[PDB]
Each structure stands twice: as structure tokens, then as C-alpha cells.
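*Asks:* No letters, just coordinates:
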DNA sequence: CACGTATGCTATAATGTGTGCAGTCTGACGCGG
DNA sequence: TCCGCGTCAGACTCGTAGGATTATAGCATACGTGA
RNA sequence: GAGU
Ligand SMILES: [Mg+2]
Ligand SMILES: [Mg+2]
């Protein structure tokens, strides 16, 4: 693919495929030309070296290197290990309708609540706001709905307020060691850019506000909303699954 | 160490007591950064088998 | 042991996704193994219902 | 005291007299690079060394050769300023004189054939700034010094490698600076082996055979002799008494006529001294004792001439008989012991498959080049080219030096190539260590860890460049004609320039300078790294190296290192520490002679230090006599105990020298746990400079040193009176005594104004002098961004109360008063840089026009005719900055766009829409715009207006230079003319243009007029060529990247005020996030009515054990108490006398105050200016370990009429009732860290998606989705939440059908799940089939 | 045992005998005349020359083994076109073919995007010019400085230096941390995301719904022209194929459908609102 | 035909690689002699 | 059956910055598509 | 480099 600056960028497989094709076609040539056998042999060794490099580079001997010194990433490498397909892109994913920010105390909150920044929530619930805007007839079309939310019009905040009521959001803290590392709350919109966390669940998250950050996820489907409210809600998940003990305790 | 720290934090440590404190402290901190990975690998193996 | 027990599951998608992936897929490819997808790992990978 | 100190004196509670002042803090960087460019004549250094090393080089034919004469650095085309604005490297051209000499092949060495000498350009080398940085591509970058294993020799041993045997195997390693590694090692069977570059293992004796050592000679080298005389019939043996030690006597030991030991009897000390004193030389022995002794030399039968026994062969009764009967009656055995003198080499010769020298060279050759057929030529060549060739092997001076001292030699300096002596000596010492005499070294010892500053590394890359060019040169010299070929036609600059740019650019050690703070800069430049090339890896690093080493004392900080995976490896240098000439770390120490402590100082290296006993600095001196107490606390051999006074050899110079610069700035560090202190010194570096530079009330004293030495403050080169103050510049007129007789003697410092930092913070210099003020040399003329009157000001002190409050300070959470926000004191300035690129594309050039399809006139209002936003214009997300678009081709317009454009009429234009607009949610004021145009593209009308600005501004700048310089210069001639013919007002009447014609008598003063006349004309022409240069650079169509026609850079400024989610901290490693900004009415307030600024949670103290923060608070309050009392006396206007009395009594409070400060010397006016500054609060210094004691702080509180407890009665702002008990209240100096919530908050519903995996991108800069990782997945699995999980795998991520369908369902209210298959799995399959494994889906 | 492909090949060539002038001529006479043995002996004997030359053309594009095969192909052409009757030696002649064949192959394979020999050779003369200029101008040479020296167009020089921009690998990580590379930031531009896809669905469904509210004849003359409801996007004159069969009446009714629809967008709340879009 | 792209030919004699780095990581578990 | 060499693993999210280099002669006749 |  072409970069903006007129440059190109390509996969290592293309360099490896080029190696294999050049040596293979040269072998076709040497066979049409009836070449002496020592030369035939060297080309067959070269072909095996290039195929081996293409399938699994650093396996048989020295991996074939780029100008950077670094060995070219082969097919096997794209399945293999942490950077491979399984671990990186398939058992764990980048996810839509996800945010993160600093957390801070919300001592006024009840156990089922969390302070959710207005700007953050406006963007996370974008399609829900557009759909409600068309039902009120405030927005003629989606482009008009988009421009209304960009302008952050006064009526849009009242709609946003309408949508987030009774809608659970997931808060997550790294690292996620046990299931309580994710809990659902009912969000409370706040002006200001930090998430407000309930004190008593600080224990489950191992969250202390020395600058900790947390991640926000919106359950979209009716199924997901009910999964969040019934299974994952903080009010519903008090006891440690490890020992029969209440994990929610004043500190 | 054969010679302990006779002083306390309100009293204030001297250069040698503080230098001696350092070793233990930094061993602790280095353990946090480095060992969390062996423990986590064990979590991973366990999860995978169950 | 945990590691070998996870690799002993009939599901080769689960086995390969854990570790040792080069060896797992050669063993499965030569046996002509068919994974009927009962496990959680396997369903998460194909993006289906747990 | 100095003039700037007369304005504000810091009260010092230190008690130890300072024998050594803090050195220049940026020593390392500047000395090192100075040595790299320093052209040394003999003792090659840096470039000079690089040329002498590679050159002179000759052709492969040997007839033609290139020799080096001399080099020069051209002066830099663009200065630091222009380089920073343009985005180019600040460098000098390298011009090298080189002489092509040619030999005749007919004459022997016909050197007088062709000699062609000329000066060739090869590359520009980056220059170091005044403050130890490089400007690369317009960005300040620092190359951090490195810490690596010193070349030389090293003896090591895995303590129980095989855990089964658990036997200690000793090894040696010879580490060169350049060449192959040479390893010697033991095996379990005690056989000595040799390996080169950890290759396949070889018997150690094989290498000796390569050096031409016969078996006989090898045994003669490592073993002693045991002599056997065969006399008459009985066997006799030559004795050394102290051989038969710790042994059992196997036979009856008797000599002349006295029986000493019986069979099976232990030979102790007593028997040995008895035998020695009796003078026993020969003893009769049994014939059967020889069975098992190893013969040393060969013996042949003189009669037959055949071998009776070869060397190293175990003797028997029959061999001995045959030896006697041939006529050998003096058998030489090898004295080999199993407890002391181990027979290692003896057993290794039996393992050695090789016989002679050639057999050994072949076997070595066969190791490193296995399979390839050996030749003798090849074997000899390879072995000589390993460790015996000038070219491929060099220990360096350091290597030979460390090598010789490790082998207990006398000679320091010598050959970089290994001699036969060297190898054998190393084997010998390894064997001594196996025997039990000698010890193995350790790598963590700073005697084995060397520091490599920039200049040596630049030198190394520069050598590589020269070596690569040398290949090209030899190859072109071979095929070249001798006559036509110029020397510069063979040299290429690209390879050298490429090696050096690759160092200052690709290298791990060359990184973006950390400059969000003066302290951050100065600490970053004094950083040491064990990483990068020739170093350890984060992955490769154990725990031993990381941990604090006894040798670190006074050299490296124990308390300064990142709490990352880089925890052991990155380290700040200690305060007084310095680089040894050879590169080892050294620390100053005060020499103690006869118990009397001299003021002579000695820097001791790591190795030297171990040998003496050093007293601690805390020892009480008897006023220049000796130690008061008869026991003194000292340390030697890296361990600490009591000693007598006369035993003490040295003493610590300063209390401070154990700690680094960063840590030295923590007051009451003595009362803080090392963990918290680490975090404290690390976070102090992240303190963002506020709008108002506020001095810290509770300091240490290092503040002044850091601020001045960092270079961010303008300091006076020469003392005198200030002629002209301005916001933009400062002119000082120099005093007659310092003022040179040549020039006018007026220094002009132009101050650097609101400019961008690397962290997007704001760098501004403010003038801190008044117009017409007398100034001392080396005083602060202007303050840098985080400095107040020459002291370091990283944040702001304020009124703090430690008490819980309604959970708004729960876990470190901080409750701050709106008052602080209102006073705008924590407010910060941020400068961002946006650029707009007009490129040349396939379709055509992009235009920077204001004429853009589909733009409101509201938007076009802020753009000028050219399409560039006006200076001063406020902008917010989506507003257009620079009107730039990219050309577009043909595009199937959808039927709806056909219809829509038919309604409106406005058809699409050629260029599309790619104008640079304000990033979403960032909002600021345009403070400046820069335009780069290439050479020959038609300029914007705006670019022309900007050139008019720069030209006329340049003209004004240079005009004011020549005007102030001419006024100052004639003002001197006027004074010279008065010395001789004084006619003051009479000379000034007729014009000043007709002045230099007037002379004086033929004296030194007539020659002074001539000097001033020559320089006046010098400046006259200099002004012309300077202005021509300025005008050329302003006209200069900047050379940009290929494809790019012009680039417009907008600089936005933003004023950010503190708010919840911002990160704040003290200097004791106490972090916190602001939770709430409280109204002033609600803040806890005292009986006097004054409200607190901050309420911190006391529950963050006892666990943390950072009690520094509490002492800082108590003393801070006391300081502010004195401040409030002076403030009260100034409001009343009592008088000079009374203020003077109180202030003297205050400065001279402490039990043993070091600093005495008499106010009787201060004039009345000087007193008033001091009190004026001290009213905000009296600045106090607590040196690190030599700080203020509780008694002193309580005494200071009593002078303030504040309580001994430092706890006060506080009242709830809301209720008005008092809190139940006294609360600790005072002033803690607090910092706003770079972690602003504005930079951290991020949110996304739907956006761009990744290229192959189709899942969303990462990161807020790419508008990224949060990673829901394996650990996060498992949580949903535990919960049983199946749809939430599926959702995150499919419609949220890859499933392309699913995401759009789901979006449409969400806008239609119906939250229906419509999933499919993630696109990454489809890819997986394709990747596995590309491997040639059939993976198919069997359907239902 | 040696399993290095290189060392094994070099061993093989080592043990074939070096030729004298008269041997070369005798073999080569029969070789041109077609002697299977003769060509083989000349080739196998002169392999060592190939390796000596391929060693001088190293560290550039391909590896040593790669160079050696193309070099061999050059030596083959030399043996095919050698003139024994000319007094000139074989080694001199072969040198040309091996250097030639190696250089030409290093120009087509060295670059991921294949540059034709013409572009490459042009570029090379610009480059060697630049080297001479840099050696007297201390500072590197500008595009115009090179163009000034050749008396040639600045665009010619700049276009050629543009082609010299070398590829970056997608998989090469950024920031010393082997974490995220170009692939991990480089977004799919061709395939746009669901906000834009769903906007187009809403736009297309809006106009389809507007035809239902417009005149039946106006909706059967406007939609089928643009290809909104029809199958093929016709023009003013082409709407005569359907039922219209008119030129004036089609043009009036197309625009009459547009005028009533423009007032439908002014009233719903777009018109100049959706003008910026 | 032309514009771009390719294939071709050179005649003193030349005839066995290296080359630039790697820095040593570690505890475990199989797999040929 | 035991030494030795090989291969395989080694927490989770967040940030920052963009990217480097070399060099391939010179000229004469073909090969392919649009006009 | 930020919280573990
Ligand atoms: Mg905490
Ligand atoms: Mg925390």
C-alpha cells in the first residue's frame, strides 16, 4: 500500500515470494539450457532455501534478514506466538464502543452507579442518539443528526440523558485477574473528563486513585444489557468466587 | 547485615543507614516489575486447562 | 501435568491456540483431525456463541 | 554574598562546612564530545584517532595508496536557531586533506612517482549545543552515556552448573574492545578447554601448540619438577619439605640416619619445619612409589636411539628398570598435587588429539570453518588474523591496562595484540584460582563497569564509516588508472555520513531530550544506561546487576532509577562523581594525615577505594584538628564498622555525594523511605512549569545550582551596570576592570521568548534585573521557565491541611480550593505545532488556496487571501488552519450526487478536500505561522507578506546592533581622548562621524584609538555581509523532501487550568489525582479566617513512611510564619532598624547554623529589597542528610508564634463548627505533573478499522478501540455473559456485515444481534493454506 | 559435515582443473561445433572466475549465492559466443559477460517495485553527478543544483529522485519496542466504516421515498434516468427508450421533479444545512 | 512511426567465501549416539 | 542408558516518535500496441 | 514512560 508521502510499504511475504519465484524460474531456465549438473544442484538447494525461508524463516538455519538486520517475518510467524493470529487478533480483540479515562472517587455514588463524563458518553452512545433524534423528528436524516451532535445542541443533551437512563455500562481495570475486574454500573452523567468510581468496589478492581485509569464498554444488544444488569452488576456481585467472602468491604 | 539500623524515620537515617535500606527496597520493586510474568503464565496455563 | 493435559484435548484449535503451534498443526494435519468445536476457546475464535 | 543573593537569602540549617562545591552538572556530555572533535596531534583522540587507525590504506596491488594529512570542521551553514525552525541537523562539514601516493613496481619502493594531495568533503557531523544536546531534524536530542563491561580479562565460575555434581567450574574470558573472544574453562574431569567466540570446545593445550609449544615446554610452563636419582640399587628422590603437606606418608620417610615419619602417618607443620631446618635434600625411597608418577621430558636409549618413555607418560617398575639399564640415573617427575598443585594440563595433554603445531592450527581452523578443506596457508592466516593481527584485534589502552593489572603486572600500557605471555599467564591464573589461591571477580563491581560518553561512540561509528569506504577505495585503487584517477573520485561521503546519522538517529542511546522541566533536562543528560548496543537487554538482564552495589557509593544514586522493566539498568550519576580518564567512576574524598583532616581532595576509582579506610562525613571534626570521638564510623572492603582516629585514611567530602541531583532536591530525604523517595525524585522530573514561577519555601540549596547550571537561565558573562532592560533583550555595560580594551565592552543577551518544548510545554525567558542595576559576573539576568531569581521553581508551595474529608481524598485523591484555580497559579501553557504539506502527486500539484469546495464564509473569515489563518486568531476543533487540498481524478458520481449537484449547480473541482484543520477538541490561539517554499514554485501572497516581516525585522535587529555597538564604542574613544587632551563638552559639539581623525601623543592610548578604529570598520563591513546572509536565507527556497512543493506550520498556544483528573504530587513520592474543586466557602479555615488551599488524606502517611512531607509542612508553615510577621511589620512601616533586628535574629536561629549572615553589612536600601521578597515566606534550605532538626523547626515556629505541634484549630467551612481535634497545617511545595486529564480522556463508538485483521485501530492518536484482551475475555467467560462476549468478538470488531447491520438496528431502536464470522478467522485459514496445509470447513 | 549450501557449492567448483590457452582453444573449437563435453569442461573449469567476480559485486541487492547463479548464466553466454580463432584469451572475454549479467539482474530484483533499466540508468547518472557536486559543495546537492550541472529540467531530476524513495516493510515495528508496526496503525482507507455506509443507505432510501411522494410520471422520468429505480443509468436523450420517447418533454419533467424535491429538503431542514455536505 | 521497454555486446589478463555482526539468558523436556 | 544439543516457553492494558541506505556503463538493435 |  502507498503511504501519504508517496512512499510504499509492503509485507515481508512479498520479498520472500519474490526470492522463490526468481530462483524457481531461473531453475526452469537452467533446465531448458541443459546446464551442467553442479549448477542445477546449487539452484535446487537455493529453491529449497527460499521455500523454507518463506514457510518458516528462522527454523532451518539463519533466518533471511532485511536491510534492518531483522529477520523477515514468514507465514509460520504470523500464526506462531504472541504476535500470531491466535493470541493477538482472535482470542482477544480491539473493540468498538470502548473508552478509557482517569478515575477519581465518587463517594456520593450508590453501589450500582458510576460518574460518566458527558463528552465520553455523548460519543459512546452516538447511534442511539441518532435513532432517538429521528423518532422525535428533530433530525431529518443521519447527516443532519451527525451535524446536530457536532454542534452539541441543547436538545441533544436532553436526548442523551434519556438514552443512558437504565442503560448499564461496563467498567474494566487492568489487569483483569478475576471476573470482578469487570463490573456493570448504571452511569450518571457528569461534566468533567474523569470517571467517578464507587469506593467500596475499589477492592475488587485493586483501584487506588493515584492516577489509575479505567476502560468503559457499552453493552449494545438487549441480551448484552440484561447480561450486564443481571450477571455483572456491582450490586449483584459482592462475594468473592474464590472464597465465600464479601469482596465489598469499607476501607 | 550484622549492624542494623538503630534509628527511625522520625529521628532520620544517616548516609550509611539509608544506603543499606536501598538494597532491600529496590529488590522489592524489581520483584514487582519482573516476577508478575511468571505468576501470570501460571494463571494462563491454569485457565487453558480448565 | 497442566501443559500436556491442555495439549491432550481432542480439540486441535484449542491446542494450537495455547502453545507449540507448529508441532500441533503438523500432528493434526497428518492425523486428518476434525474438531467439532465443543469447547469455549474454539467458539470464541470463530466468533460464535459460547 | 553576591548582588542577586542580597535580594533574597535562603536560610541554611546545614552544619557541615562545604570543602568542595558542586561541580558543573553538565560535565560529562561536554568533555566527551569535546574530546571527539578535539584534534589531538600525538595521543590520537576521536576523529584524529579514527583517521590514524584506518589510514593510511593501500591498494590490493600495493602500488597505489591513500594517506591522511589533516581534517577541518567547516562552520555550520545554519545556526542552532535556524536549524530548530527549519527542521535540519545542526552540523559542520568535514573536509579532509588526503594524499594519493603511488609506488613504482620496477623500482623497489619508488615513492617519488605520483603524489596527488587535495581536500575532500565526506559528510556533515552533528555539533553538540552549549548545553550538551544535538539538534537533529530540528529537535533537541540527548545521547545518554553508556555503562558496559570493561575490556580486559575476567575470571568467573557458575557455582554448581550441573546441579547433579554441584562442582564449581572456573573459567576465564579475555574480552577485547575489537576482535574475537578467547575463553578458557574447566570441565568436571578437571580438563582445561579453550573456546573462541563460544564455538565448539577444544583442549586448552592445542592453542599452545598453535603458538609453537612442544609437550616438554608446556609441562615446563605449568608444572614444577620432581627429580629421581637412581643410585647403586636403591631409588633416591630430591626433596622440598613444604611439598609433603596435608598428606599421608605412604612409605617410611627417613634420611641420613634419622627416621621422621612412619608409614600411614600425617605430615604436619612440625615435621615440615624439622625436615627444612635439618637441610634434607635427598631421601631414599621404595621403587614401587614411582608407579603412577608422570615423567616430564622424553628419555631415549642413547644406545638404540629409540623412545624409552615419551613426555607425560605414567612410569612403571619396568620402565624405570629399562631407564636405569640404558644409563639414565636422574629421572625428572612432575610435582603434581590433588589438594594444592593440580595436574590439569597433564590430563589435558592426554585428551589433546593434536601432536605438533601444524596439527593444532589445522584443528583450530577446522573448528571455526568446519568441513571446508584446510590448507596450511589458511590455518596460519586464520590463527594470526584471530588475536595476532593489528587489524582485527585491539584490547585498547583500557583493555591492556585492566588486563595487566588483573595479572599483577608492573606495566600499564602496551600492545593491543595478544602476546604468547598473555595467553599463558591467563591460563596460569585460571589454574591458580582452581588451586585455591586467587579469587574470581564480579561483573557488578564498578571496577569492571566502564562509562562510555558520546564522543567515544561517535568515534566508533565514524570508524565503521571509514572501514566501509576503505573497501570501495581499495577496490577502485586496484582497477583504477594511476594518472586520471583523483583521490576524491574514489572516496564516497554517503557511507560515513550514513553511519553517523544512523548513530545519532537510529541508536537506542540517542533519544528525544526530556525537557518539561530544567531538572528533567539536567538529570536526563547525567543519565547512565546499561542498554543499547554492546549492552544488556531488558529480556537478558538478571537481578544481580539491577540491585544496589556497594561500589555505587558516591558514584551512582541508589535512589534514582525507573520502576519500569528498566529498573536496574538505567541510573543517574551521583552529585560529586566524575568520569575517570580510563572511564571508571570516581568520587572525591578528603585525605586524612596523622588524624588531621586535610583540605586536599583525592578522586578515588572503584578499585582504589577498596584499599583505604574511609570515614563517614557525619563524623564530628575538632575544628581543624581531628575526629572528636575516639571511635569513628568508617567503611572499607565495602563494609562498615568503628575504627580508631589515626587508622582513618580518608573521609567523605560532602553529606550529599551518595545521592544524585534529583534526590539532592528532596528536603528531609533522611525521613523518607527509599521507595517513596525514588518515586519522588522520578515525579519531580515530570513537574510542568506553571504560569507563575514560585520559589520553594522548603528547599535544600541545590535549587540555585540546578537552575544556573542547566543553562535555561540567562547568566551574566561579565559584571557591570544594565544599560537597557527589555522583555525581548538585556544590554549590560561591562565594568572597566573586566572590560577588554579592544571592543566597546557591552554584552547583549537576546532572550528566548514563548517557544515550544518537546513535551509541548512553554519555554519563556523573563528578565529578572531592573533597568540600571549594578550586576556581578555570573548572576542570573533572566529566569528560565521554572526558575525564580536564579533558584529552581518546579511548582508552587501552598497551605495544606492533613485530614479526611467526606472521602474526596480517599486513596491519595486530592481536594483543592477553587482559590488556587482563580489565582491561575497552577495554570500551564501548552504550544502545539500543526503542519500543512502541499505535495506533487501523479495527477498534479496540490494548491494552498482559500478557495475550497463546500466551505462556510464563517470558516473562510479566519483565512487570509492566501488561505492561511491570521496571527492571534482563536481556533477550535474543525476550524481550518491552512487552506491546502490534493488533486483528484475522475469518479463515478452516484446518481444522487448527479441530482444533488444538478440542484445546487456547484460541480466538484479538481483538488479534493485535505485542508489542515484544528484537531477535534483541541482549542487555542494562533501565536505564529511559518512558510517553507521550494526553489521556483510561485509563492503565496501570504508567504510574501511574511518575508516582508522577516526582512524588515532583520534590518531592525542588525541596525540596533550596529547602533548600540557604535554608541558604546565611541563612548570609549571619548574616554581615551580625555586621557591626554580632556575637552569633554567641546569634543561632543561637532559631529561624531568626524571623530576618529583626532589622535593623541604616541602612547599605548594612541594604540587604543587605533584598535577601536580598526574594529569600528571591521563591524562596518561585517554588518554588510551579515545582512546579505540574512536576506539570502529569507529568500532561500528551503530545500524540502522530494515531492513536497511548500509546507505551512501553524503554532497554537493553549492555557490549561487545573481540574479533576489532573495528577499532582509533592517531592516525597506522594501522588494524587484531583477529585473535586471546592468553593472557598466550604474549605476548612483557621480561627484567623484564612482558608486552606489543599486537604490531603493523612491515611497516606503511616503506611508510606514518607515523613519528609510532614516535616516539610511543619517547616513550610514556620517559613510562612516568619513571612507573615515581616509582612505585618512592612504593612505597619516600623522602620529599617526594627526589621533589621528581627531578620538578624531569624537568620541566626539554629543550634549550629553554618551560614552566618550579618545584617550590619547590608545598607538600609538593600535590607528593604530583601524584606520585600521575604514577606511571601522566608526561604529555608534543608541539605540532604545535613538538614534541620525537630528542635530547630519548633524554635522557628516559636519565632512565628505558631504551635510546637504545628497542628492548629480548623473550622469546617460549611457548618462553621470546629473540627474535633487540631489538624496539621502548613506549606507543602506541590507539583502539577505532565499527566493532564485533557491528554488522557478518550472515547469511541465507531471509526477507522485495521487493514488485514479488520478490527478497530489502537491508541487515541489513531482514534482507537480499547483492547479487550484474553484476560478481559476470561472475565466474561467466568460471568457466563455470552452475548456481551460474542458482541465484542463480532459486531464490535471484525464482523463487517455485522457491524453495519447492528449500527442500522441501533438507529432503528431495535437492539438486535445480527452476527457472522470475524474477518481475522477467514485470514487465519488463508494463511494456513498458504503453508500448504488443507484446512477446510465441514458444514452441518 | 558441511551442510552450508555455499561451502558445499564452493567445494564442488574447487575440484575442477584450471585451463591453459591451447586447452581453451582446442575444447572451444569442438564446443562451438557442438561437443557436450567441451562446453561442460570450459564452464566447470571457469566457475572459480564467476565466484571471484560475484564476490566484488556483494552487499548491495541479492546475496552471494544469488549473485553466483546469475554470474554462471553470464559465463554460459560467454562460452556460447566465444571466438577461439581470435588470439584474445577466454578469461578477458568472460569477465565482460559475468559483470554484465550480474549488474542487469541486480537492477530488476533489487527493487520490490520493478524499475525499468532506462529509469534506473538515468537515475544512476544523476546520482554519480550528485557525488561529484557534494565533493566540491561540501553540503549535499539540491534537485536544481544537479539539474543546473546537467543543463536538464528540474522536474526530470525530481521525478527520478522520487522513484528512488525506497519501500518500508509493513511488519517492521516502530519505537524500539517490538510492539506495534505500520500494519497496526495503517487503516483501511478503500473500505470506509459503518457511519459512511449507513449514511449512503439513508440517502438512497430517502430519494426512493421522495419519488413515492413526487408525481408518478416525474418519478418514472427522474429515477430511471439516474438509475436509482431503473437498472441502467440513462441520459436526457436515452430516456426515449422507456416510454417517454421525447427530448424536450423529458428535460422539462426531469427538472420539474428536481424543483419540487428541492422545496422538500428546504422544509424538512436541509437545503443549505446539507450544502456543506 | 513512435514511445517505452528489453535484450545485447564489449576480446590485455583476471580462476575457492569470510566480513560483519552475536552476544553468551534460563529452566525444562525430549531425542540420537 | 547418559551426555548434549535443540526447542520451547517467559501478566494485562495504557503512552511517545517517526525512519535510514547502497547503486547498479553506455550505446545499438529489438519487441509490442495504437493509428 | 502510566497504574498495577
Ligand atoms: Mg494509593
Ligand atoms: Mg494506583
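*Replies:* Here it is on my side, so go on. Residues are numbered from 1 along each chain as shown, chains lettered A, B, ... in the order given. Ligands and ions are numbered 1, 2, ... in the order given.

*Asks:* Kindly tell me how buried residue 40 is, as a neighbour count.
*Replies:* Just so you know, I chose chain A. Neighbour count for residue A:40, taken as other Cβ atoms under 10 Å in any protein chain shown: 15. C-beta: built from backbone N, CA, C; applies to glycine.

*Asks:* let's do chain E instead
*Replies:* By other Cβ under 10 Å, the residues close to residue E:40 number 19.

*Asks:* mind listing what it touches?
*Replies:* residue A:36 (Cβ atoms under 8 Å, 6 or more residues apart in numbering or on different chains).

*Asks:* Centre of the chain to the host helix or strand of it, how far?
*Replies:* Here residue E:40 sits within helix E:36-45, counting by DSSP states H and E. Taking Cα atoms, centre = their mean, to the nearest Å, the mean C-alpha location of helix E:36-45 is offset from the chain mean by 39 Å.

*Asks:* How about that helix and DNA strand F, any contact?
*Replies:* Yes. Under the criterion of Cβ under 7 Å from any atom of the strand, DNA strand F is reached by helix E:36-45 at residue E:45.

*Asks:* how near is the residue of chain B found nearest DNA strand F to ligand 1?
*Replies:* Closest approach between chain B and DNA strand F, counting by Cβ to the nearest atom of the strand: residue B:38, at 10.1 Å. The spacing between residue B:38 and ligand 1, counted by Cβ to the ion, to the nearest Å, is 25 Å.

*Asks:* That residue: which element?
*Replies:* In this structure, residue B:38 sits in helix B:15-49 according to DSSP H and E.

*Asks:* anything in that helix near chain E?
*Replies:* No. Using Cβ under 8 Å from any Cβ of the partner chain, helix B:15-49 stays clear of chain E, with a minimum separation of 15.3 Å.

*Asks:* Which strands or helices does that helix pack on?
*Replies:* Packing partners of helix B:15-49 (3 or more Cβ pairs under 8 Å, 6 or more residues apart in numbering or on different chains; DSSP states H and E): helix C:2-8, helix D:674-684.

*Asks:* Off-centre distance for the longest strand along chain D?
*Replies:* As assigned by DSSP state E, the longest strand anywhere in chain D is strand D:110-126. Here strand D:110-126 is found 37 Å from its chain centre; the criterion is Cα atoms, centre = their mean.

*Asks:* Now for whichever residue of the stretch 301-450 of chain D sits closest to ligand 2, how many residues are close by?
*Replies:* The stretch 301-450 of chain D approaches ligand 2 most closely through residue D:444 (31.7 Å), counting by Cβ to the ion. By other Cβ under 10 Å, 17 other residues sit near residue D:444.

*Asks:* what about the residue nearest to it when sequence neighbours are not counted, distance to chain A?
*Replies:* Of all residues not flanking residue D:444 in the chain, residue D:549 sits nearest, at 4.8 Å (Cβ to Cβ, 6 or more residues apart in numbering or on different chains). For residue D:549, the distance to chain A equals 30 Å [Cβ to the nearest Cβ, to the nearest Å].

*Asks:* who in chain B is up against DNA strand G?
*Replies:* Neighbours of DNA strand G within chain B, by Cβ under 7 Å from any atom of the strand: B:33, B:36-41, B:43-44.

*Asks:* same deal with chain C?
*Replies:* For chain C, the residues in contact with DNA strand G (Cβ under 7 Å from any atom of the strand) are C:19-23.

*Asks:* List the ones among the residues you listed that fall in helices.
*Replies:* In this view, the residues of chain C next to DNA strand G that belong to helices under DSSP state H are C:21-23.

*Asks:* Chain neighbours aside, what residue packs nearest to residue 13?
*Replies:* By default, I'm working from chain A. Spatially, and ignoring its direct neighbours in sequence, residue A:13 is nearest to residue A:75 (6.9 Å; Cβ to Cβ, 6+ apart).

*Asks:* ah, I was thinking of chain D
*Replies:* Using Cβ to Cβ, 6+ apart and skipping the chain neighbours, the partner closest in space to residue D:13 is residue D:1188 (3.8 Å).

*Asks:* what sits against the one you found?
*Replies:* Taking Cβ under 8 Å, 6+ apart, one finds D:13, D:668, D:1111, D:1115, D:1150, D:1180, D:1182, D:1196 in contact with residue D:1188.

*Asks:* roughly how far apart are the second one and DNA strand G?
*Replies:* Spelled out, it's residue D:668. Between residue D:668 and DNA strand G the distance is 32 Å, computed by Cβ to the nearest atom of the strand, to the nearest Å.

*Asks:* So what's the residue count around that residue?
*Replies:* 26.

*Asks:* Which residues are in contact with it?
*Replies:* B:12, D:1068, D:1107-1108, D:1111-1112, D:1115, D:1182, D:1187-1188.

*Asks:* quick check, nearest of those to residue E:238?
*Replies:* residue D:1068 (82.9 Å; Cβ to Cβ).

*Asks:* Was I right to think the residue nearest to residue A:13 contacts residue D:1329?
*Replies:* No. Residue A:75 is beyond contact range of residue D:1329, at 10.1 Å (criterion: Cβ atoms under 8 Å).

*Asks:* Which of these two has more residues huddled nearby?
*Replies:* Taking neighbours as other Cβ under 10 Å, residue A:75 and residue D:1329 compare with residue A:75 leading, 19 against 12.

*Asks:* where does the more buried one fall, phi/psi-wise?
*Replies:* Main-chain torsions, residue A:75, degrees, to the nearest 10: phi -60, psi -40.

*Asks:* now it: how far from residue C:28?
*Replies:* 17 Å (Cβ to Cβ, to the nearest Å).

*Asks:* now residue D:1286
*Replies:* Counting by Cβ to Cβ, the gap from residue D:1286 to residue C:28 is 26 Å.

*Asks:* Those two: which is more packed in?
*Replies:* The residue with more neighbours, out of residue D:1286 and residue C:28, is residue D:1286; 25 against 19, by other Cβ under 10 Å.

*Asks:* what's the closest non-adjacent residue to that one?
*Replies:* Leaving aside its chain neighbours, residue D:1286 sits nearest to residue C:49 (5.6 Å; criterion: Cβ to Cβ, 6+ apart).

*Asks:* Could I get the contacting residues of residue D:1091?
*Replies:* Listed by Cβ under 8 Å, 6+ apart, the contact partners of residue D:1091 are D:799, D:817, D:819, D:1080, D:1083-1085, D:1213.

*Asks:* How many neighbouring residues does the closest residue to residue D:638 other than its chain neighbours have?
*Replies:* The shortest distance from residue D:638 to any non-neighbouring residue, by Cβ to Cβ, 6+ apart, is to residue D:550 (3.6 Å). Residue neighbour count, defined by other Cβ under 10 Å, stands at 19 for residue D:550.
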